[PDB]
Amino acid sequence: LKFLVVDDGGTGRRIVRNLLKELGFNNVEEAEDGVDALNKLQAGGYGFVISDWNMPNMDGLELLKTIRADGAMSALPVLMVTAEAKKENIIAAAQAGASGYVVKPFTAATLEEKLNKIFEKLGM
């Protein structure tokens, strides 16, 4: 399953890249903003998207909205990473169609769980 990790911060991508590797997922690509992510997703082949919220050029919510509006990309599982205490962001993400969310900072256990929920939910 090919994952696309989107985050404008290198540390954030490295944290997610290592946790996935630990969980056994070695097919992981990275993008630094919503535009960079869409350029890659349009190329095809992806099976899961993990996206940061605040990013320049195109943020995570706009990215999610774009994915969901696109016929070829609309069915992609999208896990949004929201900041601690930004309750409105979780609500806006759910309304926009996020498959789930995870609040940063998160542990490896929390991340595995959120992933497990989506897999079960979408039946993967």
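Note that residue numbering begins at 1 and tracks the sequence as displayed.
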> With respect to the recorded C-alpha B factors, which stretch has the higher mean value, 66-74 or 84-92?
Replying inline: 84-92
> According to the deposited model, is the average Cα temperature factor higher in 26-34 or in 48-56?
Replying inline: 26-34
> Is the Cα B-factor recorded for residue 105 in the lowest, middle or highest third of its chain?
Replying inline: highest
>> Quick check on the deposited entry: does the C-alpha B-factor of residue 11 sit in the lowest, middle or highest third of its chain?
In response: lowest
> In terms of the CA temperature factor given in the entry, to which third of its chain does residue 98 belong: lowest, middle or highest?
Replying inline: lowest
>> How does the C-alpha B factor of residue 79 compare with the rest of the chain: lowest, middle or highest third?
In response: lowest
> Lowest, middle or highest third: where is residue 41 by C-alpha B factor in its chain?
Replying inline: middle
